[PDB]
Amino acid sequence: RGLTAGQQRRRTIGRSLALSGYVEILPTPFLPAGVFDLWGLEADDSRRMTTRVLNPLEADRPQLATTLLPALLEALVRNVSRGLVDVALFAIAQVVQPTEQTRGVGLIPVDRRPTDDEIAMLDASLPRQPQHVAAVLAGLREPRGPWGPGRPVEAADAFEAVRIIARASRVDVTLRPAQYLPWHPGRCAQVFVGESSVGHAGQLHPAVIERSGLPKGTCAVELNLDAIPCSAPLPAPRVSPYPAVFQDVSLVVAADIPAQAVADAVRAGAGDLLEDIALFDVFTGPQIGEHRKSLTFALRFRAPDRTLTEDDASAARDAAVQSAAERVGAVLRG
Amino acid sequence: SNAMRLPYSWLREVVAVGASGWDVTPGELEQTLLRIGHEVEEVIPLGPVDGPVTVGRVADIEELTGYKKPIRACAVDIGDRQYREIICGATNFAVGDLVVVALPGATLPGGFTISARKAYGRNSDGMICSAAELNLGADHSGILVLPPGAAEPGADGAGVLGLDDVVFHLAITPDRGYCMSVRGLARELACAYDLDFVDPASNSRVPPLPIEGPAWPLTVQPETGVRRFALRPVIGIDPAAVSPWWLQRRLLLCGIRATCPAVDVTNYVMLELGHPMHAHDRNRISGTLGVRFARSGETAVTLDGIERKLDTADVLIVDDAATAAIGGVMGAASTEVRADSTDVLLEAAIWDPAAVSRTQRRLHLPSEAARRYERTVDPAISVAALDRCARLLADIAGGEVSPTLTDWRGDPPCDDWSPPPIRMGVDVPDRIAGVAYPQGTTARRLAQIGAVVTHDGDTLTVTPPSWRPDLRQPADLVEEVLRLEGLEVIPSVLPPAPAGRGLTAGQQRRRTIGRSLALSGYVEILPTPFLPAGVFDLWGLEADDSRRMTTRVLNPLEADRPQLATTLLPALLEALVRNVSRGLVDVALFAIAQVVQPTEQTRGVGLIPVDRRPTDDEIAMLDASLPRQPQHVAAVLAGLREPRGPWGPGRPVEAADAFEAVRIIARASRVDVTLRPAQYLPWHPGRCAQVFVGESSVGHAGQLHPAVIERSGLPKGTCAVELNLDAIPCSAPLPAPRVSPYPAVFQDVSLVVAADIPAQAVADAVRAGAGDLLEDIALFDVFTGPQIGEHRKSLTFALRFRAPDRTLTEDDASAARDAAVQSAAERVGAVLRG
Amino acid sequence: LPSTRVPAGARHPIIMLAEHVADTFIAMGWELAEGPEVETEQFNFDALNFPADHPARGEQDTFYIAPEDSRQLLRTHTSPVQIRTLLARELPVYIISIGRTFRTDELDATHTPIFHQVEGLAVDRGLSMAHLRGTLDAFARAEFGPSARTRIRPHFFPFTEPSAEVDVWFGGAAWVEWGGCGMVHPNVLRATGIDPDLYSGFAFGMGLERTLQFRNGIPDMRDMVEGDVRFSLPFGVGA
Amino acid sequence: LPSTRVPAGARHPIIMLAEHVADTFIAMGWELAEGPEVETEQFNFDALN
RNA sequence: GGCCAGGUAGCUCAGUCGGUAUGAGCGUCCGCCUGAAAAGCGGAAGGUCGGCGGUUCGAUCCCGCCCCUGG
Ligand SMILES: Nc1nc2ccccc2[nH]1
Ligand SMILES: [Mg+2]
Ligand SMILES: [Mg+2]
Ligand SMILES: [Mg+2]
Ligand SMILES: [Mg+2]
Ligand SMILES: [Mg+2]
């Protein structure tokens, strides 16, 4: 039957990240010496519940990897410390997450096949070990050249890695602001597929960066590929031969309102005539209230069976404006 | 054509002769016909009608004048003592004609309820129905007129018209010409249902008429391929006679129009037995009838009144004065039956299938006789079909069958029309089917379809019947057994495939290129292989441009687009215009497909005998006669290449985006390319690169010529790239890097060169002079201020030096940099920036 | 905030379907062959047991290459690849071929003149209709899910005997014609230097545009080939 | 002139080699399995004689 | 193949049987407006009316041939 759906996904994710300027590494499963103490993690952090090794190669690194970030951040330090300061590394490997103290299973006689109840008893005594994808970035995200001086890595580059992985997985993700070490609480996004949390992304906490010797502004991503369901959609597009109508709408919202939330509300209200919507302007200033912002979206309307009048499109736009007012408190820019 | 239309009642009748009481629902019949290999295109039930739909007779007609159309007020006898007044707009009937009347309260097909309406100032108590309104036939110009004697006024319309019937529209495969008749289809159903079959063409159903002498002098040239030619006359037919309704109805339900008893009988026997028949007016035949090839330039007027230009390979029927027929295609107007024809000579002939197929196709005459002859007609039933015609016509038209008969059966006369026997193992159908059939299955099924089966131990000797010329090899007999037992009993078993090698390197390369372009913002399209009309004229190509040496198509769907694509760009540009013209103005399209580039004028290779393997010389000869078909990748770009967003207004497409597409394809192919300025239409001569892999040129890229853009209706600044993937060698490098643990040295060098000097040339010269110590080089500044001379530019490269076994000093790296500067000075004329 | 500064791209769904079909057969040990679109009449008709001056070759309309009677044409199917494979490769042969095919049909919502076909050819010792049916059922399960049911019914093709058509059952749920199949005609094996008493074989051919039409419920087939980005983009980047 | 604004990326050769090995065996009809790295001694030693 | 009926702006179409298609809706452009947009109001541009010839002082319109669609 060839490759499973999941195995095909890991290939597409690896191909897409490499084509986007990421270099793959092989992550080591041995955690650095007190790496979580460097991150400032709480004593009750679920990542601290690790599986330990009796005889490690180094007596100060006997813990197994709950997250792929310590191995990627270690490989990032090697590259930066050797002159390669503009790096972006990723890794697709499984982790180790025990749900209890290391429990053992008694010896089952080899002269026979273990029953399916004995098999399930052996699986439960093992850590969960899901497949993860992670990435770290530092230095210049866009190299300099004749075009200009290049762009340093920022949190949005980590969010774009999420959208690169999500497009490779053929799923839609939603990002919500969140606090989760070792990320910067104001530059961190929790990633959601539907209603299931699948990981985090963004810039790393500055204290974590200084205490780890990492480059300033280091960003990071980590997703749980096993929490992302496999999807094989079967789209049935129907290309309308009728002309479209182009319109723009400017909406004012509180600063904390995510731009995607406004886009979703406009889409939910505009109905089936809305063919495309893109945000192209984020404006602040005294013309707009304090701690508020104006967002302008480009809208494309098209009917499948007729040419639209401008009033047809404006009706769909007003319904979208009303939906944004009810969902994110948007006010039409006046 | 291969359509076969017939009503179920007729098909059921022929089956029921041997299987009394046989009757199946239309749904089951459709499934059984499908399960044995007969495509059922349509199942059309007649009607239905409800309420008072009855036979009437037009007893009076009053012409209502002064309207937009002639309107008739008719008195119609419906069988009671009160004649009904009905208004009708049709003019195809007269007083005394039998018609079909739908009275108020009736419901015609389509849910139309009939009621009495005050129309044209008169009272209308119903309507006179056409065949279309009754769902009996397609005619709607006039109303339906039943032939005299069809029924009496007051008879139930649904019964007289047989509206309970169901018409089956079949599509018959060209290997089953015997199924273009009720005879063949009924025999097939007898096989499928394990029924006893009574052949409607057997002597028990068509008893032979007397044979007391020749019917007409006949000369046959056997080189025409004629297998049989029979003639029998019918004298004293009544010109006032008309075919009975049961005959005209069965013709109508089979898609044939009635005309006169002589022609109706020939068409009816054609549908019933599968043997085409034709009626000649014998009183219009002059002298001996001759069957011969046509001569060069000979013409003939068919019975439709059209003169036909004939060919030396067309078979004709001629007499001493004129051509009588185009053999097996259509009869001529000279001997056609007319309204005053009283003496008829019926023709039953078997023509060469290939000769008829060639003639009817060249003449555009796919007549009911032609499509049957080209699929072979049973030569054993020629006299049976002839006698069936003569007796039916004499009965219907009040004539008398003449006891004379001419029956040419070849020279020397052929007495047995059976194909050659076939030897086959008794279990051969079992082996090919993968099914253990019960003992005797093969012999039973082959005897069912009409073959003679003799047993010689384990080997069967099978002689197929004369109406099955498709049964020539054991595989043909296997299909008969398998289809009659049903393909549903064959199990599903996976074959023993061996270990494969997977995808070729070229197949994997196309996947990687398509994946990389799509991930880089390109949308894939399927390029049409047909070039648009005069596209190379729009490009302004020279008349001797190799792209114009195309391959043309004789019969294209668009006469203005016959040539095949020597380049993928015209198809991509057409798709680009479609997108932009519909509101999608920022677009990047790509396509991976083959082109057709001939190296000589179209040279055809003769027919090689297909009974043996063609020699390796013949295989290489057939390949050289075909144009070259290399694999190309191409792309086109217009509008915004970077969309606008909160970051800024976006970036319009420029030539460097096309050069970047080259580099994406190159990285996907694991090869290095070099770009050099070039002039090559339809590109902009100052913004066009030629792509090289090593020393071999693989294509071009850049912005398109502005004059080409204007003439082609393209967006301004449209860019394009095309590469020949077959010209790029497949590469599988094996790098063995050794990471140096020692620190690097960072230095930048600013070199002033002439503006025409390519930056990659300055970079290659710096690499050549620096040596192994150079780990990386990146251009990051191009400066053209008046501090630099006119037509000159300053280039600053970032250099990274590293040794594999030591730490370098600044002097160590400056030594390599100075050697790189000297190398740039010698190779591209570089001057160190002052 | 939006972070994708790259325009949305997509591979064509027909190319993705061909790639999934190719993967399906390679996973079973089969290989993928090639073939030119402009083919000689010898390989498109004569070697495939097409009778001369017969409706089997006449009723099938063909794009012919100028001049007239040039024995050159645009291939009416990927079946000539069977001839090229059996002449060039050693036995046994288990091959599929995906390429463009040319018919003289008017482009509408369900017909296209230029479409893509999947040809299959297996030649080995002891191959039967059961092996053809097993291959067809595995093919239909890969494209239409595990609950896919097929049926074969007799038909005619000059290059096969017995010949059949394949229907699929994945209206809302009924028998829809998928493609043609059958045992390789012994004349085709003799025209390639293969002993029909030693080797048997089967072949099949499905249209990719037709397959995608009811696998996804796509209304207008004109959108499949016209190249509007609105048709490709919803399918995603595709690997 | 340089046209690639995207920095150089690469997949690891070992992953590339594993992909090439996997493709070679899929083409022969084989499939790809799964296995935890933290394993019980029952499956790593005891059940393997 | 048959006489019809369609081919008209970037898209979907209406309309003209000789000198303006006062073409529509949407698409493009300009002004007011906005930080920049859109809507709104006010305005513009753009068709060689399928192609090639003929008739005519002049052809989207009349004639011939041809290409592309539906019956
Ligand atoms: N294209 C195609 N290929 C075939 C192979 C076997 C039977 C019928 C077929 N139609
Ligand atoms: Mg047969
Ligand atoms: Mg138009
Ligand atoms: Mg404006
Ligand atoms: Mg305006
Ligand atoms: Mg105007």
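Letters A, B, ... mirror the listed sequences (proteins, then strands); counts begin at 1. Counting starts at 1 for both ligands and their atoms, in listed order.
- With no hydrogens or angles considered, no side-chain donor-acceptor pair links C:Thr110 and C:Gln213 at under 3.5 Å.
- Ligand 1 lies less than 4.0 angstrom from a heavy atom belonging to C:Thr160.
- Counting atoms of ligand 1 from 1 in the listed order, those under 4.0 Å from a heavy atom of C:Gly205 are 2 (C), 3 (N), 4 (C).
- Distances shorter than 4.0 angstrom do not occur between any heavy atom of C:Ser163 and any atom of ligand 1.
- Considering C:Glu161, C:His155, C:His77, C:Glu119 only, the shortest heavy-atom separation from atom 3 (N) of ligand 1 involves C:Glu119.
- Taken to the nearest 0.5 Å, the CZ atom of C:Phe63 stands 10.0 Å off from the CG atom of B:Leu564.
- Counting heavy atoms only, C:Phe157 comes closest to atom 8 (C) of ligand 1 of the residues C:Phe204, C:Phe157, C:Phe202.
- Side chain of B:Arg483 to backbone of B:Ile36: a donor-acceptor contact under 3.5 angstrom is found.
- When atom types are taken as modelled, the side chain of C:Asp228 and the backbone of C:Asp223 share no donor-acceptor pair closer than 3.5 angstrom.
- Of all the heavy atoms of C:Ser79, the ones lying under 4.0 Å from any atom of ligand 1 belong exclusively to the side chain.
- The closest protein non-hydrogen atom to atom 1 (N) of ligand 1 is C:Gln117 NE2, 2.8 Å.
- Protein heavy atom in closest approach to atom 9 (C) of ligand 1: C:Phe159 CE1, 3.5 Å.
- B:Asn555 places a side-chain N or O within 3.5 Å of a backbone atom of C:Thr62 that can act as its donor or acceptor partner.
- Side chain of A:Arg302 to main chain of A:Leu308: no donor-acceptor pair is present (N/O by atom type, distance under 3.5 Å, no hydrogens or angles).
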